[PDB]
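The next block holds one structure in the form of structure tokens; read it before the comments.
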Amino acid sequence: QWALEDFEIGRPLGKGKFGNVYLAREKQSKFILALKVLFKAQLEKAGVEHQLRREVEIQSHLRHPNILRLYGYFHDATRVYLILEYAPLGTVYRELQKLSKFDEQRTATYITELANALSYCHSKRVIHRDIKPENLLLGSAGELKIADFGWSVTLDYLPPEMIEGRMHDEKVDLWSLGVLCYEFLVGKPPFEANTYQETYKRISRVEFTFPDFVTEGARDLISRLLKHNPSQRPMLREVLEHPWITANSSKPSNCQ
Ligand SMILES: CCc1cccc(CC)c1NC(=O)n1cc2c(c1)/C(=N\C(=O)c1ccc(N3CCN(C)CC3)cc1)N=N2
């Protein structure tokens, strides 16, 4: 039974489309965490209010070192409050901008961490959508934390494009791992182009190239993940066992 009065609210940590995050200390436990304030109006304006309610619900049952922890949540007339884990090292995206690009060990380790977390959710019948660097936070020990809340558990007149979206949902994160792996090593997304339109075509036609410095092991893994056909994409287990990942990762791969 939470209330804003239960916290000592400190400095802002970021502003988003739907809300703001602040650093906070729980008066009771003198425990440092992050308070996310979401504006119901913004959520409704985008028709995601009902969606979030369900995602937060799923999250409250997820417990994993590489998934940003949701300690609880509450609300009032116009706000939704999320009591979240405080990740002191910022986002992966920020870190990547700071270093330009990651080496193989850093990259492989992050990929393993994501795969381990996704693998765990899979075993709880929970699926994840696309993953962006902007939604990955870093813990004090440098561990990555999935922090978006993209979780989830007629047809006759719909065309492939509108249908293929709602099917093979369990293969979307695999494509994302491939994109993240490429960006971590190269410094830019593989389908980044000049225009909104150009980017579409690149992704759709699955056309991209590897800079010379990208080793063979990494090209193999990325190429297997970035396949147009979702069923052609490997299983999370295959990622966790890929020679390049196990060789370079410093974090033990733990499937399921
Ligand atoms: C703003 C709301 C929002 C919208 C969309 C996506 C996200 C996920 C990142 C969020 N944030 C969110 O949920 N948040 C939950 C969070 C959270 C954000 C967070 N930490 C930080 O944002 C942060 C930023 C900079 C930082 N630095 C320290 C070292 N450097 C010297 C300078 C920088 C250290 C920590 N911990 N839990």
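Ordering of the structure tokens sets the chain letters (A, B, ...), residue numbers begin anew at 1 in every chain, and ligands are numbered from 1 in the order given.
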Any idea what's packed within 7 Å of stretch 202-216 of chain A, counting only C-alpha atoms, ignoring anything in its chain fewer than 2 positions away? Could you give it as a PyMOL selection string? chain A and resi 190-191+198-200+218-220+228
Per residue of chain A within 8 Å of ligand 1, which atom pair is closest and at what distance in Å (one decimal), using only C-alpha atoms and all ligand atoms, listed by chain and increasing number, as a Markdown table?
```
| residue | atom | partner | partner_atom_place_in_ligand_line | distance |
| --- | --- | --- | --- | --- |
| A:13 | CA | ligand 1 | 22 (O) | 4.7 |
| A:14 | CA | ligand 1 | 1 (C) | 4.0 |
| A:15 | CA | ligand 1 | 1 (C) | 3.9 |
| A:16 | CA | ligand 1 | 1 (C) | 4.2 |
| A:17 | CA | ligand 1 | 4 (C) | 6.8 |
| A:18 | CA | ligand 1 | 4 (C) | 7.2 |
| A:19 | CA | ligand 1 | 2 (C) | 5.8 |
| A:20 | CA | ligand 1 | 1 (C) | 4.8 |
| A:21 | CA | ligand 1 | 1 (C) | 5.1 |
| A:22 | CA | ligand 1 | 18 (C) | 7.8 |
| A:23 | CA | ligand 1 | 36 (N) | 7.6 |
| A:33 | CA | ligand 1 | 37 (N) | 7.1 |
| A:34 | CA | ligand 1 | 37 (N) | 5.0 |
| A:35 | CA | ligand 1 | 15 (C) | 7.4 |
| A:36 | CA | ligand 1 | 13 (O) | 6.3 |
| A:68 | CA | ligand 1 | 37 (N) | 7.5 |
| A:84 | CA | ligand 1 | 15 (C) | 6.1 |
| A:85 | CA | ligand 1 | 37 (N) | 5.3 |
| A:86 | CA | ligand 1 | 36 (N) | 3.6 |
| A:87 | CA | ligand 1 | 36 (N) | 3.7 |
| A:88 | CA | ligand 1 | 35 (C) | 4.1 |
| A:89 | CA | ligand 1 | 34 (C) | 4.4 |
| A:90 | CA | ligand 1 | 35 (C) | 3.8 |
| A:91 | CA | ligand 1 | 9 (C) | 5.9 |
| A:134 | CA | ligand 1 | 9 (C) | 5.7 |
| A:135 | CA | ligand 1 | 8 (C) | 4.3 |
| A:136 | CA | ligand 1 | 9 (C) | 6.1 |
| A:137 | CA | ligand 1 | 9 (C) | 6.0 |
| A:138 | CA | ligand 1 | 35 (C) | 7.9 |
| A:147 | CA | ligand 1 | 8 (C) | 5.3 |
| A:148 | CA | ligand 1 | 8 (C) | 5.8 |
```
Members of stretch 3-178 of chain A assigned alpha helix (DSSP H) by DSSP, as a ChimeraX atom specification: /A:40-45,49-59,92-99,104-122,160-163,172-178
Please measure the separation of atom CA of residue A:131 and atom CA of residue A:173, giving the value in Å to one decimal.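 Separation between atom CA of residue A:131 and atom CA of residue A:173: 6.7 Å.
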Interatomic distance, atom CA of residue A:187 to atom CA of residue A:102 (Å, one decimal):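 So the two atoms, atom CA of residue A:187 and atom CA of residue A:102, lie 7.7 Å apart.
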Write out as a ChimeraX atom specification all residues of stretch 86-144 of chain A that backbone DSSP assigns to strand (DSSP E). /A:127-128,136-138,144
Would you mind reading off the distance between atom CA of residue A:234 and atom CA of residue A:193, one decimal, in Å?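 So the answer is 26.4 Å.
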With only C-alpha atoms as the counted atoms, please give the residues lying no more than 9 Å from residue A:170, apart from itself and same-chain residues fewer than 4 positions off, as a list in words.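 What passes the distance filter is residues 122, 127, 128, 129, 174 and 230 of chain A.
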Got time to write the residues from that selection, N, CA and C atoms, as a tab-separated table (two decimals), in the first residue's frame?
```tsv
chain	number	residue	atom	x	y	z
A	122	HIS	N	11.30	-16.54	-21.12
A	122	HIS	CA	10.75	-17.53	-22.03
A	122	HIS	C	10.21	-18.70	-21.21
A	127	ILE	N	7.12	-13.02	-23.17
A	127	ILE	CA	7.89	-12.67	-24.35
A	127	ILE	C	8.25	-11.18	-24.37
A	128	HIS	N	9.26	-10.83	-25.15
A	128	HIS	CA	9.72	-9.46	-25.26
A	128	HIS	C	9.73	-8.96	-26.71
A	129	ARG	N	9.45	-7.68	-26.90
A	129	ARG	CA	9.45	-7.12	-28.25
A	129	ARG	C	10.87	-6.69	-28.63
A	174	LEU	N	15.30	-11.82	-31.05
A	174	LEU	CA	16.46	-12.41	-31.69
A	174	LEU	C	17.01	-11.46	-32.75
A	230	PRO	N	11.65	-15.01	-39.59
A	230	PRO	CA	11.72	-15.24	-38.14
A	230	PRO	C	12.05	-16.68	-37.74
```
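Compared by their closest atoms to residue A:139, and using only C-alpha atoms, the residues A:188, A:101, A:201, A:69 rank with A:69 nearest.
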Nearest-residue call for residue A:253, choices A:111, A:185, A:222, A:56, using only C-alpha atoms: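 Closest to residue A:253, using only C-alpha atoms: A:111.
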Shell of 10 Å around residue A:229, only C-alpha atoms, local chain residues under 4 positions omitted, as a compact mmCIF listing (two decimals) with C-alpha atoms, in the first residue's frame:
```txt
# COMPACT_ATOMS: atom_id res chain seq x y z
CA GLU A 164 3.39 -11.39 -39.79
CA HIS A 168 6.31 -15.42 -34.56
CA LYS A 171 11.56 -14.20 -32.70
CA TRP A 175 16.50 -9.85 -34.49
CA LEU A 225 20.23 -13.38 -36.16
CA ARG A 233 16.55 -17.04 -36.60
```
For each of A:237, A:94, A:224, A:132, take the minimum atom-to-atom distance to residue A:118, counting only C-alpha atoms, then give the residue where this is smallest.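 Of all the options, A:237 lies closest to residue A:118.
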For a quick check of understanding, using only C-alpha atoms, which of A:82, A:48, A:38, A:236 has the smallest distance to residue A:255? A:236
